[PDB]
Number of protein chains: 2
Amino acid sequence: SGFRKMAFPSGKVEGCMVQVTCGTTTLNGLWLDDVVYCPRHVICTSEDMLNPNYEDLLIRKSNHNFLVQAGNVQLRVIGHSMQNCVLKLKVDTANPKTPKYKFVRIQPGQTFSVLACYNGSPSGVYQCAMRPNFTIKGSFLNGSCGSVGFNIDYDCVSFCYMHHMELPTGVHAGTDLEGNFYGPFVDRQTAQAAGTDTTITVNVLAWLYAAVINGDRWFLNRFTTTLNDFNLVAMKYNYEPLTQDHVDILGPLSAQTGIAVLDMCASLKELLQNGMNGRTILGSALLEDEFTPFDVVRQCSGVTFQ
Amino acid sequence: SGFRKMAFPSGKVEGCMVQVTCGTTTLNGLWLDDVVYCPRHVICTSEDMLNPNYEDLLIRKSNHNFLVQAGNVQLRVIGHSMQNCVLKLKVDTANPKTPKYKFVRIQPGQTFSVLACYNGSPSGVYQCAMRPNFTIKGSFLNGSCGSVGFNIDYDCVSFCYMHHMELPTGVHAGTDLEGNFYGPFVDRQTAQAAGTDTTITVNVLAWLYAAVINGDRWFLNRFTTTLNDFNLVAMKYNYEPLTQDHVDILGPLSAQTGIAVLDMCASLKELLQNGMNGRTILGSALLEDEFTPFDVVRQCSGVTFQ
Ligand SMILES: *[C@@](O)(c1nc2ccccc2s1)[C@H](C[C@@H]1CCCNC1=O)NC(=O)[C@@H]1Cc2ccccc2CN1C(=O)[C@@H](NC(=O)C(F)(F)F)C(C)(C)C
Ligand SMILES: *[C@@](O)(c1nc2ccccc2s1)[C@H](C[C@@H]1CCCNC1=O)NC(=O)[C@@H]1Cc2ccccc2CN1C(=O)[C@@H](NC(=O)C(F)(F)F)C(C)(C)C
Ligand code: NA
Ligand code: NA
C-alpha cells in the first residue's frame, strides 16, 4: 500500500554526468560513448544573451577552449559541432559507464525523472511531466543547465530532456537530446511566456484509480456518463479532452479495480463540479495529474529495471 | 526556482542491492563488504507468522539454505547470524561497489530516501519522513521487504531504515540496520497499530520558508508572536511543540528570507486558525511537513554529492 511521487533509480544516468566549462560559464554535460552533449549557450557571455549569434561565437572556439571534467579527471576534447541548440563535444575517451540508451522526444502528458546536477555532480532526483504547454514544473537553480530527464525500461535509458531555461512563472523549458526545444521557446533572453496550461485528464483518472487501489474510495458515485458529456464538463474546467485511445490505455487499471472508465469519469465530473469538501485523496487536497497510467501500474505492480 | 519532493541520487545504493531466498520466501538484502543484511523473517513460513520462534527456525538452517543473488551471480553464504530483527549473511565475495557508509538511527521528524526494490532489483526512489509515531508513509508492495532508506552526505551513505512491515492504516514500519525497530513494532502477525501521529512543526516552517524563497508570499502577515503563545495554538491543531533548538536550526532560512522565525510562526498561526481559503502554497492545498530545514537549504542552494 501507499502511493508516492516515485522517480526512476538514477545510477545509470549518474555515471554519465560531466561538467563543461567554456570561458567563465560552467554547466553540465551528458557523456555517452565518446561524445559529450551540452547546451550550446555554454559559449555565451553575459553582455550577449539578448540575441547570441551562436555560429559566430563558436567559430572563435577551438577544442582546447572546452574544459570537460568527469569527476576529477579531465576529458580531452578532440572535436566539436553544434546541432540545433546543443553542442556535441567529441572526447578522447569513451565513457566506460555508458548504459544502453536511446534518445526520445516525449509527448505532452508523459512523465520522466530529472537528475538535477550542478558542476557535473548529481544533487537529487524527482519526477516531472511534460505539460501540455511544453514546459515542465522543475526545481532548478543557476548552474543546473544540462541536467537531463529520462525514463528507464528494462535495461534501456531513454533520454528525453536537457535543461536550458527558466520562464517567468518559475517553470522550465528545454530540449530533446537532438537539441530541439519542446514548445516555442528559444535560447535567448527575450520575452517568452508559457502558453496557458491545461490539466492532463487521462492522468487524473489514472491517479483516481491509484486511489481506489489503495482503498481511498469515498469519491466513487453510483452514476455513469457518456464520453461526449464528460468532455463537455472537462472543457469547462480546463481539462484536456479524453480520447478513446485514453480510455483504452486505462483498460488495465479499469480491469484491476472493476470500475469502468466512463464510471470513473462520472466520479471525476462530480469532483470537478462540487469539489472535495475538505476531504483528501491519496493525501492530496487537489487532483493530481502528473502520474500516467503506466506510472500507476508500475508503482502498484512493482516493475523493476536491470 | 521551483520546489519538488527530491530524493537523493540512488546509484551508490543500487550497487548494494541483492536478493535473498530461504525456502519459498524471497526478499531484498543489502550487500556491504562481505556481509548481506536482510530481515530475519526470510526464514519464516506462512503458517507460523503469528508468533515465530526465530531462534528455533534459524537453528534448522545452514549456510546453503540461503540463496543470495547479486544480479545474475550467486553469492555463496559462508556464515550466518541473527542480530535483533536482521540476519547477517557472510558471503565469500566483498562487494566491489561498497560505498563509504555509516549506519545511523534517525530521529522522528528527519527525512530520508527509500530505494524500493523487488527481487533484488531497484524499482524507484522517493523521499519519506520518520513520523513522530515511528511509522513512515511509504509505497511498498509484497516483496519489498529489505528495501532500505538512506541519506547521502558528501561521499558517505548513511543507511537509516530497512523495510519490514505494513500497518493497518497503509503505513510502514521497519528497523535501523542493527535490526532494532523504530517504534513499538514487532515482526509478528499481531494486533499492532500506529499511535496517533502529529505534524512536524519545524518542517512546516521550513516549507513556508521554501515558499517565500520561491516567491509564494501571500500568507505572510504583519504580526509577530511569542514562542509560548505560538505553541498553545500548535498544540490545539496536533502540531508538535516548537523548541528553541528548532528556532535556531531555522536560522539560515530566516536569514536568507529576512523573516524572523517568530514572525513566520505568526503567519502559520493564522493559516491554522483560518485555513488557506482556496489558495495554494508551492502547489499544495495542504501544509507540508516532510521537508526538513536542511532539505530546504539543500534544494534551494544546490548541494551536490560525490
Ligand atoms: C542554466 O543553468 C544556464 N545558466 C547560464 C548562464 C550563462 C550562460 C549559459 C547558461 S545556461 C540556467 C538555469 C536557470 C537559471 C535561473 C534559475 N533556474 C534555471 O533553470 N539557464 C539560464 O539562465 C538561461 C540560459 C540562457 C541562454 C541563452 C539566453 C539567455 C539565457 C538566460 N536563461 C534563462 O533561463 C532566463 N529565462 C528567459 O530568458 C526566459 F525563458 F525567456 F524566461 C532567466 C535567466 C531565468 C531570466
Ligand atoms: C515484506 O515484503 C515481507 N513479506 C514476507 C512474506 C513472508 C515472510 C517474510 C516477509 S517480509 C512485506 C511488505 C508488506 C507486504 C504487504 C504490502 N506492503 C508491505 O510493506 N512484509 C510483510 O508482509 C510483513 C512480514 C511479517 C513478518 C513477521 C510476521 C508477520 C509478517 C507480515 N507482514 C506485515 O507487514 C503484516 N502487517 C502486520 O502484521 C502489522 F504490522 F501488524 F500490521 C501484513 C501482511 C501487512 C498484514
Ligand atoms: Na461513478
Ligand atoms: Na508574520
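Residues numbered from 1 in each chain as written, not as in the entry; some residues may be left out. Chains lettered and ligands numbered in written order. Heavy atoms only, no water.

Trainee: Help me out: how do you make sense of the pattern of salt bridges in this one?
Mentor: Pairs may arise between side chains of opposite charge once their charged atoms sit close together. Residue and element names in this part refer to chain B. Counted according to the given criterion, the structure contains 18 salt bridges over all chains. When the shortest N-O distance is used, the salt bridge between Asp 289 and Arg 131 registers 2.8 Å. Note that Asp 289 is positioned in the loop between α7 (261-274) and α8 (293-301) and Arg 131 in the loop between β10 (121-129) and β11 (148-153), a separation of 158 residues in sequence. Judged by relative accessible area, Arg 131 falls into the buried class, the value being 5%. Note that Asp 295 is salt-bridged to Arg 298, the shortest N-O span being 2.8 Å. Within this pair, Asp 295 and its partner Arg 298 are both found in helix α8, separated by three residues, close to a single helical turn. Each member of the pair, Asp 295 as well as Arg 298, carries the same accessibility label: buried. (Salt bridge = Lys/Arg side-chain N within 4 Å of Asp/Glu carboxyl O. Helix = DSSP H or I, 4+ residues; strand = E, 2+ residues; numbered from the N terminus. Buried < 20%, exposed > 50% of the residue type's maximum accessible area, 1.4 Å probe, protein only.)

Trainee: Whenever I open this one, the environment of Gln69(B) confuses me. Can you help?
Mentor: All names here are of chain B. Positionally, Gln 69 belongs in strand β4 (residues 66-70). For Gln 69, a relative accessible area of 25% gives the class partly exposed. Here the alpha-carbon distance between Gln 69 and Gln 19, two residues 50 residues apart in the chain, equals 5.3 Å.

Trainee: Help me understand the coordination of the sodium ion (ligand 4) in this model?
Mentor: All names here are of chain B. Only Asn 221 (O), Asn 221 (OD1), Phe 223 (O), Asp 263 (O) and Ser 267 (OG) from the protein reach the sodium ion (ligand 4) as donors, at distances of 2.5 to 3.1 Å. The sequence pattern describing where the donors of the sodium ion (ligand 4) fall on their chain is N-x1-F-x39-D-x3-S. Of the two residues, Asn 221 sits in the loop between α3 (201-213) and α4 (227-236) while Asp 263 sits in helix α7, which places them 42 residues apart along the sequence. Given the relative accessible area of 22%, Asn 221 is considered partly exposed. A relative accessible area of 31% places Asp 263 in the partly exposed class. (Donors = N, O, S within 2.8 Å, 3.2 Å for Na, K, Ca; no water.)

Trainee: Could you clarify how one ought to interpret the nonpolar core in this entry?
Mentor: One finds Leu30(A), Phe159(A), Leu30(B) and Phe159(B) to be the most contacted residues of the largest nonpolar core, which totals 42 residues. In this structure, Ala129(B), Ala211(B), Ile259(B) and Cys265(B) belong to the second largest nonpolar core, which totals 35 residues. (Core = buried A, V, L, I, M, F, W, Y, C linked by side-chain atoms within 4.5 Å.)

Trainee: Help me understand the coordination of the sodium ion (ligand 3), please; the structure alone is not making it clear to me.
Mentor: Ideal geometry at a metal centre gives angles of 109.5 degrees when four donors are arranged tetrahedrally and 90 or 180 degrees when six donors are arranged octahedrally. Residue and element names in this part refer to chain A. At 2.5 to 3.1 Å from the sodium ion (ligand 3) lie its protein donor atoms, namely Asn 221 (O), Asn 221 (OD1), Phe 223 (O), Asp 263 (O) and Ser 267 (OG). On the primary sequence, the residues serving as donors to the sodium ion (ligand 3) are separated as N-x1-F-x39-D-x3-S. Separated by 44 residues along the polypeptide, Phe 223 in the loop between α3 (201-213) and α4 (227-236) and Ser 267 in helix α7 (residues 261-274) bring together distant segments of the chain.

Trainee: It is not clear to me how the site of ligand 1 should be interpreted in this structure. Could you clarify?
Mentor: Around ligand 1, a shell composed of 23 residues is seen, among which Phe140(A), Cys145(A), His163(A), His164(A) and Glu166(A) lie nearest. Ligand 1 sits at the junction of chains A and B, each of which supplies nearby residues. Contact distances for ligand 1 include 3.2 Å between an oxygen atom and a backbone N or O atom of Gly143(A). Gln189(A) is positioned such that a nitrogen or oxygen atom in its side chain is 3.4 Å from an oxygen atom of ligand 1. Considering ligand 1 on its own, with 820 Å² of exposed area, one finds that the protein chains cover 81% of that surface. Considering every element that reaches the shell around ligand 1, the biggest residue donor is strand β12 (residues 156-166) of chain A, with four residues. Both of domain 1 (1-14 + 100-197) and domain 2 (15-99) of chain A provide at least three residues apiece to the shell around ligand 1. (Near = heavy atom within 4 Å. Polar contact = N/O pair within 3.5 Å; in protein donor to acceptor, adjacent residues only side chain to side chain. Areas by Shrake-Rupley, 256 points an atom, 1.4 Å probe, with all protein chains shown as cover. Domains from an automatic or database assignment.)

Trainee: Even after reading the chapter, I still don't get the pairing of strand β2 (residues 25-32) of chain A, so can you show me in this structure?
Mentor: Looking down a regular strand, the side chains alternate between one sheet face and the other. All names here are of chain A. With six of its eight residues buried, β2 lies for the most part within the structure. Relative to β2, strand β1 (residues 17-22) is paired through six bridges, and the arrangement is antiparallel. Bridge pairing in β2 links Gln 19 to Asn 28. In textbook terms, the turn of a hairpin is the stretch between consecutive antiparallel strands, and for β1 and β2 this stretch comprises two residues, one of which, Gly 23, has a positive phi near 65°. Across three bridges, β2 lies against strand β3 (residues 35-39) in antiparallel orientation. Bridged to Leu 32 within β3 is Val 35. (Pairing = 2+ DSSP bridges.)

Trainee: Explain the domain arrangement of chain A here, please?
Mentor: A common way to express how large an interface is: the accessible area buried when the components associate. Residue and element names in this part refer to chain A. Domain boundaries in chain A define domain 1 (1-14 + 100-197), domain 2 (15-99) and domain 3 (198-301). Each of domain 1 and domain 2 was reduced to a C-alpha centroid, and the two centroids are 19 Å apart. Across the boundary between the two partners, domain 1 contributes 34 residues, which contact 27 residues of domain 2. Taken over both partners, the interface formed by domain 1 and domain 2 buries close to 2300 Å², and the fraction arising from carbon and sulfur atoms is 57%. Where domain 1 touches domain 2, the interface holds one salt bridge. One salt bridge connects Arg 40 with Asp 187, and the closest N-O pair in it is separated by 2.9 Å. Joining domain 1 to domain 2, the criterion identifies 19 residue pairs in polar contact. Elements represented by at least two residues in the side of domain 1 that touches domain 2 include exactly α1 (11-14), β8 (101-103), β9 (111-118) and β12. Ranked by residue count, the leading element in the side of domain 1 that touches domain 2 is β12, at five residues. Split by residue class, the side of domain 1 that touches domain 2 holds 13 nonpolar, 15 polar and six charged. (Contact = heavy atoms within 4.5 Å. Buried area = accessible area lost by both parts, 1.4 Å probe. Nonpolar A, V, L, I, M, F, W, Y, C, P; charged D, E, K, R; others polar.)

Trainee: Any chance you could explain the packing of aromatic side chains here in plain terms?
Mentor: How two aromatic rings sit relative to each other is given by the distance of their centres and the angle of their planes. Residue and element names in this part refer to chain A. Scanning all chains against the criterion turns up 18 aromatic pairs over all chains. Seen in terms of ring centroids, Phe 8 and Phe 305 are 5.2 Å apart; in terms of plane orientation they differ by 70°. Their pairing is edge-to-face. Here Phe 8, found in the segment before α1, pairs with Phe 305, found in the segment after α8 (293-301); they are 297 residues apart in sequence, far enough to count as distant. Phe 305 gets classed as buried once you look at its relative accessible area, which sits at 8%. Aromatic side chains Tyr 37 and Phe 103 sit 5.3 Å apart centroid to centroid with 90° between the ring planes, which places their arrangement in the edge-to-face category. With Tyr 37 in strand β3 and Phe 103 in strand β8, this residue pair connects regions lying 66 residues apart in the sequence. Assessed through its relative accessible area of 9%, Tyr 37 is described here as buried. Judged by relative accessible area, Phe 103 falls into the partly exposed class, the value being 31%. Aromatic ring contacts, followed pair by pair, group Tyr 37, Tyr 101, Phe 103 and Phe 159 into a single cluster. Between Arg 40 and the ring centre of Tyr 54, over which it is positioned, the NZ or CZ distance is 3.8 Å. (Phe/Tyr/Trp six-rings, centres within 6.5 Å; stacked < 30°, edge-to-face > 60°. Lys NZ or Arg CZ within 6 Å of the ring centre and 35° of its normal.)

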